[PDB]
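Asker: Data: final19.pdb, PDB, C-alpha atoms.
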```pdb
ATOM      1  CA  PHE A   1      12.917  -9.002  -1.459  1.00  0.00           C
ATOM      2  CA  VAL A   2      12.183  -6.766   1.480  1.00  0.00           C
ATOM      3  CA  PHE A   3       9.048  -4.747   2.273  1.00  0.00           C
ATOM      4  CA  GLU A   4      11.068  -1.732   3.223  1.00  0.00           C
ATOM      5  CA  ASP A   5       9.973   0.942   5.685  1.00  0.00           C
ATOM      6  CA  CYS A   6      10.171   4.316   3.888  1.00  0.00           C
ATOM      7  CA  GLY A   7       9.542   6.207   7.179  1.00  0.00           C
ATOM      8  CA  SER A   8       6.286   6.849   9.068  1.00  0.00           C
ATOM      9  CA  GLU A   9       5.934   9.205  12.051  1.00  0.00           C
ATOM     10  CA  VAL A  10       2.517   8.139  13.477  1.00  0.00           C
ATOM     11  CA  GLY A  11       2.458   4.367  12.887  1.00  0.00           C
ATOM     12  CA  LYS A  12       4.147   1.147  11.734  1.00  0.00           C
ATOM     13  CA  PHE A  13       3.350  -1.996   9.743  1.00  0.00           C
ATOM     14  CA  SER A  14       4.237  -5.538  10.691  1.00  0.00           C
ATOM     15  CA  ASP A  15       3.345  -7.850   7.745  1.00  0.00           C
ATOM     16  CA  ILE A  16       2.437  -7.366   4.059  1.00  0.00           C
ATOM     17  CA  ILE A  17       1.006 -10.136   1.839  1.00  0.00           C
ATOM     18  CA  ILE A  18       0.680  -9.682  -1.912  1.00  0.00           C
ATOM     19  CA  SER A  19      -1.061 -12.612  -3.593  1.00  0.00           C
ATOM     20  CA  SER A  20       1.127 -12.662  -6.745  1.00  0.00           C
ATOM     21  CA  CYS A  21       4.506 -12.907  -4.974  1.00  0.00           C
ATOM     22  CA  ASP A  22       6.557 -14.473  -2.162  1.00  0.00           C
ATOM     23  CA  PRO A  23       9.230 -12.390  -0.495  1.00  0.00           C
ATOM     24  CA  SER A  24      11.713 -15.233  -1.193  1.00  0.00           C
ATOM     25  CA  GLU A  25      11.814 -13.808  -4.754  1.00  0.00           C
ATOM     26  CA  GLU A  26      14.052 -11.102  -6.266  1.00  0.00           C
ATOM     27  CA  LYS A  27      11.004  -8.942  -7.107  1.00  0.00           C
ATOM     28  CA  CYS A  28       7.219  -8.847  -6.804  1.00  0.00           C
ATOM     29  CA  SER A  29       5.866 -10.038 -10.168  1.00  0.00           C
ATOM     30  CA  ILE A  30       2.581  -8.343 -11.072  1.00  0.00           C
ATOM     31  CA  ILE A  31       0.612 -10.052 -13.879  1.00  0.00           C
ATOM     32  CA  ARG A  32      -1.427  -7.729 -16.114  1.00  0.00           C
ATOM     33  CA  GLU A  33      -5.149  -8.510 -16.223  1.00  0.00           C
ATOM     34  CA  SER A  34      -5.285 -10.614 -13.066  1.00  0.00           C
ATOM     35  CA  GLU A  35      -6.772  -9.867  -9.669  1.00  0.00           C
ATOM     36  CA  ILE A  36      -4.114  -9.149  -7.037  1.00  0.00           C
ATOM     37  CA  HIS A  37      -4.990  -9.365  -3.349  1.00  0.00           C
ATOM     38  CA  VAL A  38      -3.086  -7.185  -0.875  1.00  0.00           C
ATOM     39  CA  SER A  39      -3.081  -7.399   2.938  1.00  0.00           C
ATOM     40  CA  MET A  40      -1.300  -5.044   5.355  1.00  0.00           C
ATOM     41  CA  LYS A  41      -1.253  -5.477   9.119  1.00  0.00           C
ATOM     42  CA  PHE A  42      -0.499  -2.114  10.778  1.00  0.00           C
ATOM     43  CA  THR A  43      -0.656  -0.172  14.092  1.00  0.00           C
ATOM     44  CA  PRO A  44      -1.020   3.606  14.441  1.00  0.00           C
ATOM     45  CA  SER A  45       0.901   5.187  17.375  1.00  0.00           C
ATOM     46  CA  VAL A  46      -1.874   7.864  17.759  1.00  0.00           C
ATOM     47  CA  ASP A  47      -5.666   7.814  17.459  1.00  0.00           C
ATOM     48  CA  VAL A  48      -6.316   8.476  13.746  1.00  0.00           C
ATOM     49  CA  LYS A  49      -9.547  10.219  12.677  1.00  0.00           C
ATOM     50  CA  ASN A  50      -9.305   9.599   8.892  1.00  0.00           C
ATOM     51  CA  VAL A  51      -6.934   7.638   6.565  1.00  0.00           C
ATOM     52  CA  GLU A  52      -5.799   8.798   3.095  1.00  0.00           C
ATOM     53  CA  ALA A  53      -3.879   6.243   0.987  1.00  0.00           C
ATOM     54  CA  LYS A  54      -1.326   7.262  -1.683  1.00  0.00           C
ATOM     55  CA  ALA A  55       0.456   5.046  -4.211  1.00  0.00           C
ATOM     56  CA  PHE A  56       3.667   5.819  -6.079  1.00  0.00           C
ATOM     57  CA  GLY A  57       5.624   4.355  -8.940  1.00  0.00           C
ATOM     58  CA  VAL A  58       9.360   4.849  -8.550  1.00  0.00           C
ATOM     59  CA  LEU A  59      10.983   5.025 -11.973  1.00  0.00           C
ATOM     60  CA  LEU A  60      14.578   6.311 -11.996  1.00  0.00           C
ATOM     61  CA  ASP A  61      14.867   7.728  -8.436  1.00  0.00           C
ATOM     62  CA  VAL A  62      11.789  10.029  -8.434  1.00  0.00           C
ATOM     63  CA  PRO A  63       8.545   8.921  -6.747  1.00  0.00           C
ATOM     64  CA  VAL A  64       5.597   9.610  -9.049  1.00  0.00           C
ATOM     65  CA  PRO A  65       1.971   9.762  -7.739  1.00  0.00           C
ATOM     66  CA  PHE A  66      -0.540   7.242  -9.054  1.00  0.00           C
ATOM     67  CA  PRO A  67      -4.331   7.595  -8.530  1.00  0.00           C
ATOM     68  CA  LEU A  68      -6.281   5.076  -6.437  1.00  0.00           C
ATOM     69  CA  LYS A  69      -9.971   4.081  -6.703  1.00  0.00           C
ATOM     70  CA  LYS A  70     -10.919   4.652  -3.035  1.00  0.00           C
ATOM     71  CA  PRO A  71      -8.001   6.345  -1.195  1.00  0.00           C
ATOM     72  CA  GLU A  72     -10.137   7.176   1.860  1.00  0.00           C
ATOM     73  CA  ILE A  73      -9.849   3.622   3.110  1.00  0.00           C
ATOM     74  CA  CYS A  74     -11.991   4.166   6.274  1.00  0.00           C
ATOM     75  CA  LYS A  75     -14.970   5.065   4.025  1.00  0.00           C
ATOM     76  CA  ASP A  76     -14.559   2.120   1.631  1.00  0.00           C
ATOM     77  CA  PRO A  77     -16.642  -0.919   2.734  1.00  0.00           C
ATOM     78  CA  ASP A  78     -14.169  -3.477   1.317  1.00  0.00           C
ATOM     79  CA  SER A  79     -11.140  -2.187   3.213  1.00  0.00           C
ATOM     80  CA  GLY A  80     -11.794  -4.082   6.474  1.00  0.00           C
ATOM     81  CA  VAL A  81     -10.816  -0.856   8.245  1.00  0.00           C
ATOM     82  CA  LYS A  82     -13.044   1.583  10.083  1.00  0.00           C
ATOM     83  CA  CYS A  83     -12.211   4.958  11.636  1.00  0.00           C
ATOM     84  CA  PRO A  84     -11.377   6.089  14.171  1.00  0.00           C
ATOM     85  CA  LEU A  85      -8.232   3.973  14.503  1.00  0.00           C
ATOM     86  CA  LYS A  86      -7.354   3.327  18.148  1.00  0.00           C
ATOM     87  CA  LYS A  87      -3.736   4.092  19.108  1.00  0.00           C
ATOM     88  CA  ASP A  88      -1.474   1.052  19.619  1.00  0.00           C
ATOM     89  CA  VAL A  89      -4.022  -1.418  18.182  1.00  0.00           C
ATOM     90  CA  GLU A  90      -3.060  -3.602  15.261  1.00  0.00           C
ATOM     91  CA  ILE A  91      -5.554  -3.877  12.396  1.00  0.00           C
ATOM     92  CA  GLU A  92      -5.617  -5.283   8.860  1.00  0.00           C
ATOM     93  CA  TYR A  93      -6.277  -3.491   5.594  1.00  0.00           C
ATOM     94  CA  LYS A  94      -7.342  -5.518   2.530  1.00  0.00           C
ATOM     95  CA  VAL A  95      -7.610  -4.463  -1.091  1.00  0.00           C
ATOM     96  CA  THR A  96      -8.145  -6.258  -4.382  1.00  0.00           C
ATOM     97  CA  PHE A  97      -6.871  -4.578  -7.508  1.00  0.00           C
ATOM     98  CA  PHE A  98      -6.648  -5.419 -11.174  1.00  0.00           C
ATOM     99  CA  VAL A  99      -3.732  -4.328 -13.306  1.00  0.00           C
ATOM    100  CA  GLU A 100      -5.048  -3.025 -16.633  1.00  0.00           C
ATOM    101  CA  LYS A 101      -3.889  -4.424 -20.001  1.00  0.00           C
ATOM    102  CA  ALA A 102      -2.677  -0.925 -20.948  1.00  0.00           C
ATOM    103  CA  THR A 103      -0.162  -0.860 -18.046  1.00  0.00           C
ATOM    104  CA  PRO A 104       3.429  -0.963 -19.411  1.00  0.00           C
ATOM    105  CA  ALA A 105       5.659  -3.989 -18.793  1.00  0.00           C
ATOM    106  CA  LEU A 106       8.569  -2.730 -16.674  1.00  0.00           C
ATOM    107  CA  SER A 107      10.565  -3.082 -13.447  1.00  0.00           C
ATOM    108  CA  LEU A 108       9.975  -0.388 -10.866  1.00  0.00           C
ATOM    109  CA  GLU A 109       9.638   0.226  -7.166  1.00  0.00           C
ATOM    110  CA  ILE A 110       6.163   0.605  -5.734  1.00  0.00           C
ATOM    111  CA  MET A 111       5.454   2.842  -2.740  1.00  0.00           C
ATOM    112  CA  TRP A 112       2.211   2.812  -0.682  1.00  0.00           C
ATOM    113  CA  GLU A 113       1.544   5.373   2.083  1.00  0.00           C
ATOM    114  CA  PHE A 114      -1.218   5.684   4.664  1.00  0.00           C
ATOM    115  CA  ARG A 115      -1.667   9.166   6.000  1.00  0.00           C
ATOM    116  CA  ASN A 116      -3.770  10.547   8.805  1.00  0.00           C
ATOM    117  CA  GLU A 117      -6.035  13.627   8.759  1.00  0.00           C
ATOM    118  CA  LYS A 118      -2.972  15.777   9.508  1.00  0.00           C
ATOM    119  CA  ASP A 119      -1.077  14.520   6.426  1.00  0.00           C
ATOM    120  CA  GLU A 120       1.327  12.534   8.675  1.00  0.00           C
ATOM    121  CA  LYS A 121       2.472   9.104   7.475  1.00  0.00           C
ATOM    122  CA  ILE A 122       0.992   6.147   9.466  1.00  0.00           C
ATOM    123  CA  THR A 123       2.745   3.631   7.163  1.00  0.00           C
ATOM    124  CA  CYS A 124       5.162   3.833   4.215  1.00  0.00           C
ATOM    125  CA  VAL A 125       6.303   0.710   2.419  1.00  0.00           C
ATOM    126  CA  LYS A 126       8.408   0.326  -0.712  1.00  0.00           C
ATOM    127  CA  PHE A 127       9.256  -2.850  -2.614  1.00  0.00           C
ATOM    128  CA  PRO A 128      10.707  -3.874  -5.970  1.00  0.00           C
ATOM    129  CA  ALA A 129       8.180  -4.973  -8.621  1.00  0.00           C
ATOM    130  CA  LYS A 130       8.031  -6.280 -12.186  1.00  0.00           C
ATOM    131  CA  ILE A 131       4.865  -5.758 -14.253  1.00  0.00           C
ATOM    132  CA  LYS A 132       4.033  -8.620 -16.690  1.00  0.00           C
TER     133      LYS A 132
END
```
Is it possible to give me this structure as structure tokens?
Answerer:
Amino acid sequence: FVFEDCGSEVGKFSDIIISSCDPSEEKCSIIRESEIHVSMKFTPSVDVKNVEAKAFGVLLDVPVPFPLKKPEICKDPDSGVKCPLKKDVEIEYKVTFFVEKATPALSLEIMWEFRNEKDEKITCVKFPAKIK
């Protein structure tokens, strides 16, 4: 599978690593009730003063917003990322999450966006996933 670039005007990403999957696979398998580690190496093309993360499930064409624990990643001590972000410097974001038992077993596309303080996309990635 491909970590696809869904368009970002003030940045790019170079590598994504999701602990439960290899990109040699048809989809990213996400196991309910296990800890998943995510890494994203990215570079803003402007100085960024604050980062807001957004996650989306894509079920049947439409991207649907899904809440995150700490979406202000510069203010979360576990992110590895501190603001301000210097233009043209590559840095690494890390997050551990845990998929809840109550999460439905389905195939879907997952979208993750990083946005600056101006609501402009620094990064936008989308990838095919299967829960359970």
Asker: Tell me which of A:41, A:61, A:16, A:127 sits closest to residue 80 (chain A), counting all atoms listed in the file.
Answerer: A:41
Asker: Could you pull the residues within 6 Å of region 98-104 of chain A, counting all atoms listed in the file, minus those fewer than 6 positions along the same chain, as a PyMOL selection string?
Answerer: chain A and resi 32-35
Asker: Hey, what comes out of the PyMOL selection byres ((chain A and resi 95) around 9) on this file? Could you write it as number ranges by chain?
Answerer: A: 36-39, 78-80, 93-94, 96-97
Asker: Out of A:3, A:42, A:112, A:66, which residue has the shortest atom-to-atom distance to residue 85 (chain A) when counting all atoms listed in the file?
Answerer: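 Once distances to residue 85 (chain A) are computed over all atoms listed in the file, the minimum belongs to A:42.
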Asker: Using the chain letters and numbering of this document, enumerate as a list in words the residues selected by the PyMOL selection byres ((chain A and resi 23) around 7).
Answerer: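 When the PyMOL selection byres ((chain A and resi 23) around 7) is applied to the shown file, the picked residues are residues 1, 2, 21, 22, 24 and 25 of chain A.
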Asker: Rounded to one decimal place, report the CA of residue 131 (chain A)-CA of residue 106 (chain A) distance in Å.
Answerer: 5.4 Å
Asker: Using all atoms listed in the file, what table do you get, as a Markdown table, when you list each residue of region 72-103 of chain A with an atom no more than 12 Å from region 115-118 of chain A, its nearest pair of atoms, and their distance in Å rounded to one decimal, rows by chain then rising number?
Answerer:
```
| residue | atom | partner | partner_atom | distance |
| --- | --- | --- | --- | --- |
| A:72 | CA | A:115 | CA | 9.6 |
| A:73 | CA | A:115 | CA | 10.3 |
| A:74 | CA | A:116 | CA | 10.7 |
| A:83 | CA | A:116 | CA | 10.5 |
| A:84 | CA | A:116 | CA | 10.3 |
| A:85 | CA | A:116 | CA | 9.8 |
```
Asker: Provide region 43-56 of chain A rebuilt to N, CA and C atoms, formatted as a CSV table (one decimal), in the frame of the given file.
Answerer:
```csv
chain,number,residue,atom,x,y,z
A,43,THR,N,-0.3,-0.7,12.8
A,43,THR,CA,-0.7,-0.2,14.1
A,43,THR,C,-0.3,1.3,14.1
A,44,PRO,N,-1.4,2.2,14.3
A,44,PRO,CA,-1.0,3.6,14.4
A,44,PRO,C,-0.5,3.8,15.9
A,45,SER,N,0.4,4.8,16.0
A,45,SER,CA,0.9,5.2,17.4
A,45,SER,C,0.1,6.3,18.0
A,46,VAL,N,-0.9,6.8,17.3
A,46,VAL,CA,-1.9,7.9,17.8
A,46,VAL,C,-3.3,7.4,17.3
A,47,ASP,N,-4.3,8.0,18.0
A,47,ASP,CA,-5.7,7.8,17.5
A,47,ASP,C,-5.6,8.5,16.1
A,48,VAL,N,-6.2,7.9,15.1
A,48,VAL,CA,-6.3,8.5,13.7
A,48,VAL,C,-7.8,8.7,13.4
A,49,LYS,N,-8.2,9.9,13.0
A,49,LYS,CA,-9.5,10.2,12.7
A,49,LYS,C,-10.0,9.9,11.2
A,50,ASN,N,-9.1,10.0,10.3
A,50,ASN,CA,-9.3,9.6,8.9
A,50,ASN,C,-8.0,9.1,8.2
A,51,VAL,N,-8.1,8.1,7.3
A,51,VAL,CA,-6.9,7.6,6.6
A,51,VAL,C,-7.0,8.0,5.1
A,52,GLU,N,-6.0,8.6,4.5
A,52,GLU,CA,-5.8,8.8,3.1
A,52,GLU,C,-4.6,8.0,2.6
A,53,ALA,N,-4.9,7.1,1.6
A,53,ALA,CA,-3.9,6.2,1.0
A,53,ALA,C,-3.3,7.0,-0.2
A,54,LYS,N,-2.0,6.7,-0.5
A,54,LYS,CA,-1.3,7.3,-1.7
A,54,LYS,C,-0.4,6.2,-2.3
A,55,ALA,N,-0.5,6.0,-3.6
A,55,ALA,CA,0.5,5.0,-4.2
A,55,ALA,C,1.4,5.8,-5.2
A,56,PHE,N,2.6,5.2,-5.3
A,56,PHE,CA,3.7,5.8,-6.1
A,56,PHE,C,4.4,4.8,-6.9
```
